[PDB]
Structure formats: C-alpha cells, structure tokens
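In what follows, a structure is listed as structure tokens, so that the remarks can point back to it.
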Amino acid sequence: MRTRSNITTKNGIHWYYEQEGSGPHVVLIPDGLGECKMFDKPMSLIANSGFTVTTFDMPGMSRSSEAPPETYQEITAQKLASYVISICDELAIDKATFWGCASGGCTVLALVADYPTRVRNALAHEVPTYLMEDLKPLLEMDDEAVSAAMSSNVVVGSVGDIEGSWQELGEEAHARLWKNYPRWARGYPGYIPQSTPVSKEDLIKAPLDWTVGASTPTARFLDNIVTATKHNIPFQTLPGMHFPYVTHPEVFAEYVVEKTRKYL
C-alpha cells in the first residue's frame, strides 16, 4: 500500500511524496533536512493502525530539490506552512494530524496559527524559538563541502543513537542529505526560529500536544516546556533526542497513533 509519486504545486515546488494506508490522514512533516526516508520505518507502523500517512521531501531538499530558491532561503514557519498546505490541497487532504520536529515543529505551529481549519490535531517536537549557540558557525559558510561536514557533525550530535539507526537510513538517503546540509544551514537557523508563532492566542486555535526528547540537555528546549506548560498544551518526553522517528520508530509510532486517535 506504500505509494511513491511526485507532484508540483503551483508555487513551483516539485515535491516527492509517499503515502501508505487507508483511514484518516496523518501527515509527517520532516525536520530541517527535509528527508522523508527518516519516516520509512514508522510510517508503515502508523498506517497499520488504520491511517493514511502522507510524507514528502521538503522544498529544495532531497527529491524535492527542484524548487525555487525562496522556498529554501530565508525560511519562516509561515513559508513552510504555506508549502505544506499546497501539497495537502493537491492530495485532497482535507484535514489531518500533523507531526513536525525542529523546523517542522515551527511549521505545525504556523499551521495551527494560520490554517487551524485544516488541522485536526498538531504534534510538535523540539521547536527552535532562538538561535542555538552550536549552530552559529554553520550560518554563513560559503564552501558547501565544509558546510556539509560541519553541519553533519552538529546534526549527529542531535541524533540520540550511535548504533546504526542513523546509518541504515541508506547510502542514497545520506547522499541526498549531503547536498541538503549547506542549503538548510543557509536558509533555516537564521530565519525560522524568530518566526515561530508561540503566541498565547496562536497555540489554542487547534489541538496541540508537545514533546521534547528525553535525553537532550534541559537548557536547549526549556522554552518549549515553559511555553507548553503556561498554555495547558499537553507536554511529554519521547525517547531519544532530536530524531525520535529514526532512533525509536516503534515508540514514536505508538505516540503518533495514540495522539491522533484521541481526537477521533
């Protein structure tokens, strides 16, 4: 039931998307790197609970790399939500549950803020509200091969596994990732965190549950816990850190299907 296809929305982004299952829609928005191979394992498990799961590579990244620059430069949470709604329209996805980590978490919050009608329920994980110190070196590195190396060693710091779950993403996926690192570095950390709608009025326009990785240092996403606690957004930790769908696919699937059926 795992269909793979491509499609172009009228904003010019030539997406690569995947779908599997039948039931209510559950969309898995990738993180900054925009590689939906990271959803390959848990997507089948989420679909096996009776849901149509949709995922895709993000504009300018991986197999969605055929996109205009603005879609991967000076990126805001509102730009990304605009792009996610466009493919959602093209796939007749009327309303869905949205997952998003990091930059994808900004996207879901922007979806709740500006497209609440379209979200049955949102789940955000480790959303950046500020520019993190260990990201600053990556910001405006002109050599793209140095940028990829430096970016890739900041990202594996954020992955919470050192025994192959990162490696078995494949060599094709890690090749696509190698081109993605410099493009993400130059478009996201200097532009997406300030745009994240964590406004008190913006978080309640739709159901939202919030998570942080159980093993990341408290100071990193402390703002996420305070923001979520100050506005009765349900908050919880998942295993691992920044990529729980990569390091803990089964527990991640149970969380996703638990939170979606709770609003069905």
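Which Cα, out of 159, 87, 245, lies furthest along the positive dipole direction of the chain (beta carbon charges, K/R +1, D/E -1)?
Going by the Cα projections, it comes out as 87.
Could you calculate the FRET efficiency of residue 70 with residue 222 from 1/(1 + (r/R0)^6), where r is the beta carbon distance between them and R0 is 25 Å, rounded to 0.05?
Working: r = 32 Å, r/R0 = 1.29.
Efficiency computed from Cβ-Cβ geometry: 0.20.
Using the basic label-point model (7 angstrom from Cα toward the beta carbon), what is the residue 204 to residue 230 distance in nanometres?
Modelled inter-label distance: 1.5 nm.
Provide the packing ranking of 26-39, 249-262, i.e. peptides ordered by the mean count of other C-beta atoms within 10 Å per residue, highest first.
Working: 26-39: 25.5, 249-262: 18.7.
Highest mean packing first, the order is 26-39, 249-262.
Under a Cβ-Cβ cut-off of 10 Å, what is the net charge of the residues other than residue 30 that fall near it, where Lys and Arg count +1 and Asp and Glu count -1? Mind showing how you got there, number by number?
On the way: positive: 37; negative: 31, 35, 57.
Surrounding charge for residue 30 is -2.
State the antiparallel share, in %, of DSSP beta bridges confined to the chain, rounding to the nearest 5. Display every interim value, and only then the final one.
Numbers: 10 of 33 bridges.
Beta bridges within the chain, antiparallel portion: roughly 30 percent.
Could you give the dipole magnitude of the chain about its Cα centre, charging the beta-carbon of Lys and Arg +1 and that of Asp and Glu -1, in debye to the nearest 20? Spell out each step's value before the answer.
Numbers: 22 positive and 32 negative charges, 156 e Å.
So the dipole magnitude of the chain works out to roughly 740 debye.
Can you tally the net charge around residue 127? Count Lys and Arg as +1, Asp and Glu as -1, for every other residue whose Cβ sits under 13 Å from the Cβ of residue 127. All intermediate terms of the calculation are to be shown ahead of the outcome.
Working: positive: 220; negative: 31, 126, 202, 209, 223.
So the environment of residue 127 carries a net charge of -4.
Work out how much length residue 94 to residue 215 would gain on full extension: take 0.36 nm times their residue separation and subtract the Cα-Cα distance, in nm to one decimal.
40.0 nm
If you average the C-alpha positions of segment 1-54 and of segment 141-212 separately, how far apart do those two centres end up, in angstrom?
Cα centres, segment 1-54 to segment 141-212: 18 Å.
Could you tell me whether segment 187-226 comes out rounded, prolate or oblate from its Cα gyration tensor? Rule is a ≥ b ≥ c as square roots of the eigenvalues, rounded for a/c under 1.5, then prolate if a/b exceeds b/c, otherwise oblate. Intermediate results must be reported in sequence, preceding the final value.
On the way: a/c = 2.17, a/b = 1.13, b/c = 1.92.
Oblate.
I need the Kirkwood Rh of the chain: take the reciprocal of the average 1/r across all distinct C-alpha pairs and report it in angstrom. Walk me through the intermediate numbers first.
Details: mean 1/r = 0.0555 Å⁻¹.
So the Kirkwood estimate lands at 18.0 Å.
Tell me the relative contact order for the chain as a rounded percent, counting alpha carbon contacts under 8 Å between residues six or more apart. Before the final figure, lay out the partial values.
Numbers: 536 pairs, mean separation 57.4, N = 264.
Relative contact order of the chain: 22 percent.
Once you put a point 7 Å from the Cα of residue 11 and another 7 Å from the Cα of residue 136, both along the Cβ direction, what distance in nm separates them?
3.1
Okay, helix-only estimate at 222 nm for the chain: each DSSP H run of n ≥ 4 adds -39500 (n - 2.57), divide by all residues, round to 500 deg cm²/dmol; what do you get? Intermediate results must be reported in sequence, preceding the final value.
Working: 8 runs with 91 residues, N = 264.
Rounded to the nearest 500, the figure is -10500 deg cm²/dmol.
Positions of Cβ are generated from backbone atoms using ideal geometry, with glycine treated the same way; all protein chains shown enter the neighbour counts. Quick note: the coordinates plus some simple rules give every number you see, no bench work behind them.
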